[PDB]
Amino acid sequence: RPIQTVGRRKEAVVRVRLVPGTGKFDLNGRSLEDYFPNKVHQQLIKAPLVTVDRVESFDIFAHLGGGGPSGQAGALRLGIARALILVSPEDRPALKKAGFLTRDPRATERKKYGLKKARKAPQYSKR
Amino acid sequence: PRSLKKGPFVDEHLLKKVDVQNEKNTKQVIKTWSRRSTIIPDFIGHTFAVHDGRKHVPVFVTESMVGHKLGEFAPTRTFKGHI
Amino acid sequence: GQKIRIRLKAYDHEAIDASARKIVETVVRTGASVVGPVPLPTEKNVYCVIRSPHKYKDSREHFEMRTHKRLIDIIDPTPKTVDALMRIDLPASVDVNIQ
Amino acid sequence: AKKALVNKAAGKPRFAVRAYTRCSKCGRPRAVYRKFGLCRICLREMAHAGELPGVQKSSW
Amino acid sequence: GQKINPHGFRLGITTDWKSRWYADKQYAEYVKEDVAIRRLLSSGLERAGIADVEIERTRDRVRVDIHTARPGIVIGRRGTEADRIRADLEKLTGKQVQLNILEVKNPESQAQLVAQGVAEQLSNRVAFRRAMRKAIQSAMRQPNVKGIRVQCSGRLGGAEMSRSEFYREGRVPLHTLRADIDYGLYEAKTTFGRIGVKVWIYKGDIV
Amino acid sequence: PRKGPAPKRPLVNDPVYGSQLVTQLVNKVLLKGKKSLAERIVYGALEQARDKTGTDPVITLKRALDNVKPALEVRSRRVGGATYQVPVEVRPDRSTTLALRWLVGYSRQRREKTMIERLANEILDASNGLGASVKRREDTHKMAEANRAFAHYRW
Amino acid sequence: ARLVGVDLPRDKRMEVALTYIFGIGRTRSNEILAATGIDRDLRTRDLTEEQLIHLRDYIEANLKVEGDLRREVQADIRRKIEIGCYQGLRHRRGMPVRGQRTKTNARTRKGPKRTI
RNA sequence: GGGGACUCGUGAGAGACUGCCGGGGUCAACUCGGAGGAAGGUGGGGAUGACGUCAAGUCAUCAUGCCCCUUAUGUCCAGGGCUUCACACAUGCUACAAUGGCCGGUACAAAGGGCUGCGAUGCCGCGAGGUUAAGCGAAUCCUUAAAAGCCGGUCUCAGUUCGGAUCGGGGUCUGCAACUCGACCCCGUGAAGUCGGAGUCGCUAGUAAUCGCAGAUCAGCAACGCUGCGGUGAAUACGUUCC
Ligand SMILES: [Mg+2]
Ligand SMILES: [Mg+2]
Ligand SMILES: [Mg+2]
Ligand SMILES: [Mg+2]
Ligand SMILES: [Mg+2]
Ligand SMILES: [Mg+2]
Ligand SMILES: [Mg+2]
Ligand SMILES: [Mg+2]
Ligand SMILES: [Mg+2]
Ligand SMILES: [Mg+2]
Ligand SMILES: [Mg+2]
Ligand SMILES: [Mg+2]
Ligand SMILES: [Mg+2]
Ligand SMILES: [Mg+2]
Ligand SMILES: [Mg+2]
Ligand SMILES: [Mg+2]
Ligand SMILES: [Mg+2]
Ligand SMILES: [Mg+2]
Ligand SMILES: [Zn+2]
């Protein structure tokens with residue numbers, strides 16, 4: 001039984017599948033630079049891999065659903081970081097201080113009546 | 001009538017008033033209230049009296065009113081100037 | 001197999017399942033087989049009305065309508081329970097859509 | 001509202017797109033819902049009483 | 001005017017609905033005659049003191065439940081009034097209405113009756129302090145009430161300035177949601193206009 | 001504000017140039033949430049900052065910032081019928097912020113065609129002490145040296 | 001160049017240069033530059049002399065360009081004024097002919113403010 | 001076919017309480033930090049508006065005291081007006097461009113409505129649409145193709161390939177009927193405007209800023225308004241002298 005976990009950031013929810021190997025991110029089939037074409041997203045994907053010191057190994061491929069291209073990228077970070085706990089339960093405090101285990105509970109604040117955004121008020125005009 | 005499928009709509013109670021007089025060469029005046037009607041070239045020869053709210057403003061369909069409605073000839077708002 | 005596919009729509013939680021898991025689930029002792037409750041997504045209308053009867057547009061209140069269509073119940077066609085489920089009494093709060 | 005117009009707004013009119021919808025309870029011609037048949041006022045008094053089912057106060 | 005209807009703030013949490021059916025296509029025509037029934041059980045039975053009217057319906061079998069303090073007044077001369085309006089319920093909905101008239105266990109511990117008996121005493125010109133102070137002490141006797149608040153407003157005593165004063169005993173928490181707050185509004189007819197009575201009873205905590 | 005000092009947000013390093021100053025630079029070019037267009041300008045204005053110097057573009061930027069970091073800015077206050085500006089000493093983390101908007105803020109209103117080189121022609125000149133961004137750090141100083149008499153109003 | 005008395009400018013592509021004729025916009029220009037073979041990248045400073053001659057008879061056999069196209073517009077206004085329609089009692093006064101809001105806006109048919 | 005593994009749907013429960021450790025504090029309240037933890041001190045938003053003020057607002061939701069009309073201030077109609085403009089204010093939307101316009105490629109949503117309907121698919125139309133008819137009271141099926149973004153070209157700083165106002169011309173749709181007075185489409189036109197005077201407004205984090213999508217009314221719509229949803233995603237907070 002290989003190890004699979006789940007990560008979710010904004011409303012994007014991902015399902016990472018962990019396979020040992022050579023480091024080939026075949027996300028939804030196609031590769032990492034195919035639909036994550038921004039270098040700043042590509043840092044935060046493999047950002048937990050430089051703390052476990054296996055940036056080369058673990059050729060993973062995952063499922064990407066919901067959200068948008070930074071929520072989908074940010075959800076994949078937690079899914080890696082959860083996966084490197086089940087496959088090695090001895091680098092817990094390496095990734096605890098890195099802040100990659102925390103789900104970062106930040107969603108969109110709802111829009112309110114009278115206001116025109118979550119907190120934007122319309123004009124005041126005292127006469 | 002704005003669409004070309006269903007043809008040019010003109011109210012029936014004025015079509016019968018113009019057809020009864022066009023056959024025997026008779027050009028009377030016609031009191032009407034149908035501003036929505038369109039000019040057919042069937043009644044080029046005679047005049048009308050279209051409503052606006054006060055009183056039936058007379059109009060004589062001459063040669064080139066056709067295509068336009070009757071109600072474009074009664075302005076229904078007076079406005080002779082702020083000063 | 002289990003060709004009877006019945007639908008359950010109510011207006012509240014804990015009146016559609018307690019009125020099915022001990023009422024519309026009672027087929028399993030009467031010579032047939034079930035699958036159990038299958039929960040479906042709650043549809044949720046939203047109405048927003050102005051509180052005042054005049055002039056105060058920036059003061060509203062929100063009402064919803066939670067239609068808990070749930071519990072796909074799939075039972076085995078035993079010929080003594082084809083019509084006996086119509087003999088099963090269900091309260092006013094739940095509708096059933098056997099057909 | 002004006003009771004000649006509450007009675008006229010339920011019969012059969014000429015030119016059947018001319019027909020409109022009033023409230024059932026009161027008679028407002030404006031702000032009438034179609035899933036309740038009520039207006040925005042009468043819906044609000046009846047929803048707090050419990051007098052029409054499924055509707056309660058929402059807070060998401 | 002600032003305080004929301006306490007049966008609405010608690011609807012589904014503590015108190016329960018007072019009409020039971022389901023509909024999707026005919027949800028509108030049911031409400032259009034659900035309030036045509038509630039116009040028939042206000043004028044014609046007001047001497048009997050209706051507490052509340054419950055109306056449910058199970059596939060063209062409509063069941064009116066109705067509570068009152070004097071059950072024999074709704075019944076009549078042994079089945080001359082309980083079936084008088086049953087002949088009137090059915091010629092308005094076209095079905096087989098089973099008007100199951102019920103009773104009230106304490107009409108001095110339930111609003112819309114305490115809120116109505118104060119209004120009859122205002123309607124026959126007793127002093128409104130005396131009408132309020134009976135209901136406050138006629139409700140704090142029972143073992144389930146822990147507080148009561150009665151609030152009257154309008155041209156009281158045949159005055160000219162409309163004013164609004166309340167009385168209160170016990171504890172009546174209008175913000176707590178685990179507390180059942182019965183509530184009743186009734187509108188007294190007087191020779192100068194109207195006086196509205198609002199009565200809030202607190203029975204305790206539910207869980 | 002009025003209760004206490006607010007917490008501060010951290011920053012993530014840029015992958016192309018490992019430096020805190022680079023992502024802090026891309027973050028202030030950013031209008032309208034279009035973040036990757038703001039990194040398609042700062043990268044294009046550092047990569048064009050080696051086509052005509054040949055040196056490393058981070059080292060060019062650490063010194064063009066050091067020619068626009070102030071250390072003494074001035075800050076209005078009213079006493080009587082005259083209001084007069086009081087010079088104050090600048091904390092270090094505020095200094096890098098004023099410096100960096102003095103780069104981007106004057107670069108919008110130069111005379112080239114595109115923003116790819118307008119930011120480049122200002123990182124270039126400020127590394128040698130030439131541009132309008134360096135003009136302000138002395139006018140920030142010279143306005144605050146010509147008012148050293150009011151230096152005893154630190155609030 | 002010079003297509004029909006209209007003075008095509010220089011150093012500008014034919015996708016935009018034919019638009020300066022009164023009667024050719026961005027769509028009719030794309031079908032003048034397809035029926036006569038001329039591509040949508042050809043600058044005007046290197047136009048072949050007979051290639052303009054192909055360009056000046058597809059227009060003068062199908063389209064309507066100015067000289068009489070200005071005469072198409074203002075004579076169609078001139079008819080509405082004299083028939084006595086309300087829309088011709090609207091060109092007499094510099095007011096909007098299509099039922100636009102004349103309370104706060106409508107400076108274009110009128111002119112800028114004068115504050116009397 | 002098939003699977004109970006991962007999501008997701010929704011039922012019942014565990015969880016965060018200064019509960020444990022080190023400082024300060026009357027052996028108080030509490031406060032400043034650490035451990036463990038998805039989350040830390042009210043975890044982040046919604047619901048909830050005390051006694052009362054303003055003779056606040058509505059007799060036009062409704063209810064109602066008293067006065068008033070009762071061959072008319074009742075009531076049924078057709079047209080007309082609520083949309084008129086020498087001008088003032090107010091809330092918005094699109095803009096004045098290169099962090100852009102126009103073309104060809106190509107990705108990632110959420111929450112919602114649908115039997116008086118929604119219209120896949122195919123055929124026709126430059127286009128709005130027209131026409132056939134498959135599936136579906138819907139986690140089925142339709143609405144659906146998200147737009148910014150990303151990769152290429154092109155215009156090269158001009159009242160313009162910016163801007164889309166006004167006005168000619170020809171059509172489509174709903175409806176008895178689109179003239180006063182509807183929305184959408186196509187063709188030509190090509191207005192004012194080059195970041196706005198004294199003054200003033202909103203926002204402390206998934207926030208402002210920008211980008212679309214859907215709903216309620218509705219035959220169709222003046223839907224840029226309102227109620228909601230997500231996509232992308234900032235800068236700063238020294239401090240309480242001043243307003
Ligand atoms: Mg508003
Ligand atoms: Mg948002
Ligand atoms: Mg205001
Ligand atoms: Mg209508
Ligand atoms: Mg509270
Ligand atoms: Mg007043
Ligand atoms: Mg008033
Ligand atoms: Mg009256
Ligand atoms: Mg009329
Ligand atoms: Mg108006
Ligand atoms: Mg310019
Ligand atoms: Mg344009
Ligand atoms: Mg494109
Ligand atoms: Mg085609
Ligand atoms: Mg590009
Ligand atoms: Mg100008
Ligand atoms: Mg705040
Ligand atoms: Mg609509
Ligand atoms: Zn109503």
# chains A, B, ... in the order shown; residues from 1 in each chain; ligands from 1

call {"tool": "residues_near_ligand", "arguments": {"ligand": "ligand 8", "cutoff": "10 Å", "atoms": "only C-alpha atoms (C1' of nucleotides) and all ligand atoms", "output": "list in words"}}
result
residues 59, 60 and 64 of chain H

call {"tool": "residues_near_ligand", "arguments": {"ligand": "ligand 11", "cutoff": "12 Å", "atoms": "only C-alpha atoms (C1' of nucleotides) and all ligand atoms", "output": "PyMOL selection string"}}
result
(chain F and resi 109+111+113) or (chain H and resi 96-98+100+156-160+162-163+193-195)

call {"tool": "residues_around", "arguments": {"residues": "residue 49 of chain C", "least_positions_apart": "6", "cutoff": "10 Å", "atoms": "only C-alpha atoms (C1' of nucleotides)", "output": "PyMOL selection string"}}
result
(chain C and resi 57+59-63) or (chain D and resi 31+39-41+43-44) or (chain H and resi 216+227)

call {"tool": "atom_distance", "arguments": {"atom1": "atom CA of residue 140 of chain F", "atom2": "atom CA of residue 106 of chain F"}}
result
15.0 Å

call {"tool": "residues_around", "arguments": {"residues": "residue 20 of chain F", "least_positions_apart": "5", "cutoff": "10 Å", "atoms": "only C-alpha atoms (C1' of nucleotides)", "output": "list in words"}}
result
residues 10, 11, 12, 13, 14 and 25 of chain F

call {"tool": "write_last_selection", "arguments": {"atoms": "N, CA, C and O atoms", "output": "PDB file, in the first residue's frame"}}
result
ATOM      1  N   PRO F  10       6.040  38.136   7.224  1.00  0.00           N
ATOM      2  CA  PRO F  10       7.341  37.733   6.692  1.00  0.00           C
ATOM      3  C   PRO F  10       7.335  37.789   5.169  1.00  0.00           C
ATOM      4  O   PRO F  10       6.342  38.138   4.537  1.00  0.00           O
ATOM      5  N   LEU F  11       8.477  37.442   4.582  1.00  0.00           N
ATOM      6  CA  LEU F  11       8.623  37.453   3.138  1.00  0.00           C
ATOM      7  C   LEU F  11       9.325  36.194   2.666  1.00  0.00           C
ATOM      8  O   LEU F  11      10.125  35.595   3.389  1.00  0.00           O
ATOM      9  N   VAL F  12       9.028  35.814   1.430  1.00  0.00           N
ATOM     10  CA  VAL F  12       9.591  34.631   0.798  1.00  0.00           C
ATOM     11  C   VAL F  12      10.590  35.089  -0.258  1.00  0.00           C
ATOM     12  O   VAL F  12      10.398  36.124  -0.905  1.00  0.00           O
ATOM     13  N   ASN F  13      11.694  34.355  -0.379  1.00  0.00           N
ATOM     14  CA  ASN F  13      12.761  34.749  -1.279  1.00  0.00           C
ATOM     15  C   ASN F  13      12.365  34.494  -2.721  1.00  0.00           C
ATOM     16  O   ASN F  13      11.593  33.587  -3.027  1.00  0.00           O
ATOM     17  N   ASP F  14      12.897  35.285  -3.588  1.00  0.00           N
ATOM     18  CA  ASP F  14      12.658  35.087  -5.005  1.00  0.00           C
ATOM     19  C   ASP F  14      13.503  33.923  -5.512  1.00  0.00           C
ATOM     20  O   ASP F  14      14.679  33.817  -5.164  1.00  0.00           O
ATOM     21  N   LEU F  25      10.860  44.285  -3.960  1.00  0.00           N
ATOM     22  CA  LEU F  25      10.796  45.174  -5.114  1.00  0.00           C
ATOM     23  C   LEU F  25       9.657  44.813  -6.055  1.00  0.00           C
ATOM     24  O   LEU F  25       8.991  45.713  -6.573  1.00  0.00           O
TER      25      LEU F  25
END

call {"tool": "closest_atom_pairs", "arguments": {"of": "chain H", "to": "ligand 15", "cutoff": "10 Å", "atoms": "only C-alpha atoms (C1' of nucleotides) and all ligand atoms", "output": "Markdown table"}}
result
| residue | atom | partner | partner_atom_place_in_ligand_line | distance |
| --- | --- | --- | --- | --- |
| H:150 | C1' | ligand 15 | 1 (Mg) | 9.3 |
| H:151 | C1' | ligand 15 | 1 (Mg) | 8.3 |
| H:152 | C1' | ligand 15 | 1 (Mg) | 7.8 |
| H:153 | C1' | ligand 15 | 1 (Mg) | 8.7 |

call {"tool": "atom_distance", "arguments": {"atom1": "atom CA of residue 37 of chain B", "atom2": "atom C1' of residue 76 of chain H"}}
result
25.2 Å

call {"tool": "residues_near_ligand", "arguments": {"ligand": "ligand 7", "cutoff": "12 Å", "atoms": "only C-alpha atoms (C1' of nucleotides) and all ligand atoms", "output": "list in words"}}
result
residues 54 and 55 of chain C; 55, 56, 57, 58 and 59 of chain H

call {"tool": "write_last_selection", "arguments": {"atoms": "N, CA, C and O atoms (P, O5', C5', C4', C3', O3' and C1' of nucleotides)", "output": "PDB file, in the first residue's frame"}}
result
ATOM      1  N   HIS C  54     -40.781  51.167   4.788  1.00  0.00           N
ATOM      2  CA  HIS C  54     -40.542  52.349   3.978  1.00  0.00           C
ATOM      3  C   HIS C  54     -39.109  52.794   4.212  1.00  0.00           C
ATOM      4  O   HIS C  54     -38.611  52.691   5.333  1.00  0.00           O
ATOM      5  N   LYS C  55     -38.428  53.154   3.130  1.00  0.00           N
ATOM      6  CA  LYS C  55     -37.286  54.061   3.013  1.00  0.00           C
ATOM      7  C   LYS C  55     -35.940  53.595   3.548  1.00  0.00           C
ATOM      8  O   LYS C  55     -34.933  54.249   3.257  1.00  0.00           O
TER       9      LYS C  55
ATOM     10  P     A H  55     -37.777  66.338  18.316  1.00  0.00           P
ATOM     11  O5'   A H  55     -38.827  65.282  18.854  1.00  0.00           O
ATOM     12  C5'   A H  55     -40.157  65.672  19.169  1.00  0.00           C
ATOM     13  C4'   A H  55     -41.149  64.614  18.764  1.00  0.00           C
ATOM     14  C3'   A H  55     -41.455  64.563  17.270  1.00  0.00           C
ATOM     15  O3'   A H  55     -41.681  63.215  16.867  1.00  0.00           O
ATOM     16  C1'   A H  55     -43.440  64.959  18.463  1.00  0.00           C
ATOM     17  P     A H  56     -41.449  62.780  15.340  1.00  0.00           P
ATOM     18  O5'   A H  56     -39.894  62.479  15.235  1.00  0.00           O
ATOM     19  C5'   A H  56     -39.016  63.358  14.541  1.00  0.00           C
ATOM     20  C4'   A H  56     -38.127  62.619  13.571  1.00  0.00           C
ATOM     21  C3'   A H  56     -38.868  61.869  12.489  1.00  0.00           C
ATOM     22  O3'   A H  56     -39.074  62.699  11.366  1.00  0.00           O
ATOM     23  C1'   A H  56     -37.308  60.428  13.526  1.00  0.00           C
ATOM     24  P     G H  57     -40.523  62.877  10.716  1.00  0.00           P
ATOM     25  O5'   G H  57     -40.680  61.553   9.866  1.00  0.00           O
ATOM     26  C5'   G H  57     -39.636  61.149   8.999  1.00  0.00           C
ATOM     27  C4'   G H  57     -39.896  59.807   8.393  1.00  0.00           C
ATOM     28  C3'   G H  57     -41.338  59.430   8.257  1.00  0.00           C
ATOM     29  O3'   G H  57     -41.973  60.102   7.198  1.00  0.00           O
ATOM     30  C1'   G H  57     -40.077  57.574   8.957  1.00  0.00           C
ATOM     31  P     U H  58     -43.514  60.450   7.340  1.00  0.00           P
ATOM     32  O5'   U H  58     -44.194  59.107   6.860  1.00  0.00           O
ATOM     33  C5'   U H  58     -44.038  58.655   5.526  1.00  0.00           C
ATOM     34  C4'   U H  58     -44.462  57.219   5.368  1.00  0.00           C
ATOM     35  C3'   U H  58     -45.918  56.913   5.642  1.00  0.00           C
ATOM     36  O3'   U H  58     -46.735  57.122   4.515  1.00  0.00           O
ATOM     37  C1'   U H  58     -44.539  55.351   6.764  1.00  0.00           C
ATOM     38  P     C H  59     -47.886  58.217   4.549  1.00  0.00           P
ATOM     39  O5'   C H  59     -49.211  57.393   4.831  1.00  0.00           O
ATOM     40  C5'   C H  59     -49.480  56.816   6.101  1.00  0.00           C
ATOM     41  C4'   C H  59     -50.823  56.147   6.142  1.00  0.00           C
ATOM     42  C3'   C H  59     -51.892  56.839   5.324  1.00  0.00           C
ATOM     43  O3'   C H  59     -52.818  55.861   4.874  1.00  0.00           O
ATOM     44  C1'   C H  59     -52.503  56.877   7.586  1.00  0.00           C
TER      45        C H  59
END
